[PDB]
Amino acid sequence: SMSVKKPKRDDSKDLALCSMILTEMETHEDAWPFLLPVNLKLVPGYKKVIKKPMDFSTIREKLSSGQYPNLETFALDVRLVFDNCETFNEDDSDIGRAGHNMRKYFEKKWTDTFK
């Protein structure tokens, strides 16, 4: 509360560390469905159904331009990428499996880097 604060967690490396995680997600072999925004002119139903499209290139641009206020807003966009994927793709599809694999990969890096 006013003049009463928990000890200051060092967040000075968060930007660099989120960048490194995102590099590792970008270079994973199952990243291909997530590298670029879904083409809303060419994928029937996507625009209406997926209210907040997100992809790795959009996260990279947001990260590089200071549009994440803190490391949690960064994790929320990464998770959005996989939540969107689950919303639109059957579990038993290449893209559906890709999304589950990448979410697992992300969550482990996230825990090991920050928890």
# chains A, B, ... in the order shown; residues from 1 in each chain; ligands from 1
call {"tool": "closest_atom_pairs", "arguments": {"of": "range 65-87 of chain A", "to": "range 43-48 of chain A", "cutoff": "12 Å", "atoms": "only C-alpha atoms", "output": "CSV"}}
result
residue,atom,partner,partner_atom,distance
A:84,CA,A:46,CA,9.7
A:85,CA,A:46,CA,10.5
A:87,CA,A:46,CA,10.0
call {"tool": "write_last_selection", "arguments": {"atoms": "N, CA and C atoms", "output": "short mmCIF file (atom, residue, chain, number, x, y, z; two decimals), in the first residue's frame"}}
result
data_model
loop_
_atom_site.label_atom_id
_atom_site.label_comp_id
_atom_site.auth_asym_id
_atom_site.auth_seq_id
_atom_site.Cartn_x
_atom_site.Cartn_y
_atom_site.Cartn_z
N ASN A 84 -5.64 -19.29 -29.81
CA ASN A 84 -6.20 -19.15 -31.19
C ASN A 84 -6.09 -20.42 -32.01
N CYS A 85 -4.92 -21.03 -31.97
CA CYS A 85 -4.67 -22.24 -32.77
C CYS A 85 -5.67 -23.35 -32.34
N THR A 87 -8.56 -22.98 -30.91
CA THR A 87 -9.90 -22.56 -31.32
C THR A 87 -10.26 -22.96 -32.79
#
call {"tool": "select_by_dssp", "arguments": {"residues": "chain A", "states": "alpha helix (DSSP H)", "output": "ChimeraX atom specification"}}
result
/A:14-27,46-49,56-64,71-88,94-114
call {"tool": "closest_residue", "arguments": {"among": "A:18, A:59, A:4, A:78", "to": "residue 114 in chain A", "atoms": "only C-alpha atoms"}}
result
A:18
call {"tool": "residues_around", "arguments": {"residues": "residue 99 in chain A", "least_positions_apart": "4", "cutoff": "9 Å", "atoms": "only C-alpha atoms", "output": "MDAnalysis selection string"}}
result
chainID A and resid 30:31 33:34 81:83 85:86 91 94:95 103:104
call {"tool": "residues_around", "arguments": {"residues": "residue 108 in chain A", "least_positions_apart": "5", "cutoff": "12 Å", "atoms": "only C-alpha atoms", "output": "ChimeraX atom specification"}}
result
/A:21,24-25,101-103,113-115
call {"tool": "write_last_selection", "arguments": {"atoms": "N, CA and C atoms", "output": "CSV table (one decimal), in the first residue's frame"}}
result
chain,number,residue,atom,x,y,z
A,21,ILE,N,13.8,-16.2,-25.4
A,21,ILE,CA,12.7,-17.2,-25.5
A,21,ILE,C,12.0,-17.2,-26.9
A,24,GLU,N,14.0,-18.8,-29.6
A,24,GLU,CA,14.0,-20.2,-29.6
A,24,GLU,C,12.6,-20.7,-30.1
A,25,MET,N,11.5,-20.0,-29.9
A,25,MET,CA,10.2,-20.4,-30.4
A,25,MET,C,10.3,-20.2,-32.0
A,101,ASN,N,2.5,-28.8,-29.1
A,101,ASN,CA,4.0,-28.9,-28.9
A,101,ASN,C,4.6,-27.6,-28.5
A,102,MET,N,4.3,-26.5,-29.3
A,102,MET,CA,4.9,-25.2,-29.0
A,102,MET,C,4.5,-24.7,-27.7
A,103,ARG,N,3.3,-24.8,-27.3
A,103,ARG,CA,2.8,-24.3,-26.0
A,103,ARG,C,3.6,-25.0,-24.8
A,113,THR,N,13.1,-19.9,-16.9
A,113,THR,CA,13.8,-18.7,-16.9
A,113,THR,C,13.4,-17.7,-15.8
A,114,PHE,N,12.1,-17.8,-15.4
A,114,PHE,CA,11.5,-16.8,-14.5
A,114,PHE,C,10.9,-17.3,-13.2
A,115,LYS,N,10.5,-18.6,-13.0
A,115,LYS,CA,10.0,-19.2,-11.8
A,115,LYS,C,11.1,-20.0,-11.0
call {"tool": "closest_residue", "arguments": {"among": "A:37, A:7, A:96, A:69", "to": "residue 54 in chain A", "atoms": "only C-alpha atoms"}}
result
A:37
call {"tool": "closest_residue", "arguments": {"among": "A:88, A:68, A:74, A:32", "to": "residue 49 in chain A", "atoms": "only C-alpha atoms"}}
result
A:88
call {"tool": "closest_residue", "arguments": {"among": "A:70, A:23, A:11, A:64", "to": "residue 35 in chain A", "atoms": "only C-alpha atoms"}}
result
A:23
call {"tool": "residues_around", "arguments": {"residues": "residue 36 in chain A", "least_positions_apart": "5", "cutoff": "9 Å", "atoms": "only C-alpha atoms", "output": "tab-separated table (two decimals) with N, CA and C atoms, in the first residue's frame"}}
result
chain	number	residue	atom	x	y	z
A	54	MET	N	-2.93	-13.36	-33.38
A	54	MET	CA	-1.55	-13.07	-32.87
A	54	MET	C	-0.60	-14.07	-33.48
A	55	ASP	N	0.66	-13.68	-33.72
A	55	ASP	CA	1.63	-14.56	-34.33
A	55	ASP	C	3.02	-14.12	-33.83
A	56	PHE	N	4.04	-14.96	-34.11
A	56	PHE	CA	5.40	-14.64	-33.59
A	56	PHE	C	5.98	-13.37	-34.17
A	57	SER	N	5.75	-13.07	-35.45
A	57	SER	CA	6.31	-11.83	-36.05
A	57	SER	C	5.73	-10.53	-35.45
A	58	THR	N	4.44	-10.54	-35.12
A	58	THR	CA	3.73	-9.49	-34.45
A	58	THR	C	4.22	-9.33	-33.00
call {"tool": "atom_distance", "arguments": {"atom1": "CA of residue 51 in chain A", "atom2": "CA of residue 17 in chain A"}}
result
28.7 Å
call {"tool": "closest_residue", "arguments": {"among": "A:42, A:20, A:15, A:50", "to": "residue 73 in chain A", "atoms": "only C-alpha atoms"}}
result
A:15
call {"tool": "closest_residue", "arguments": {"among": "A:112, A:72, A:92, A:26", "to": "residue 60 in chain A", "atoms": "only C-alpha atoms"}}
result
A:26
call {"tool": "atom_distance", "arguments": {"atom1": "CA of residue 100 in chain A", "atom2": "CA of residue 28 in chain A"}}
result
13.0 Å
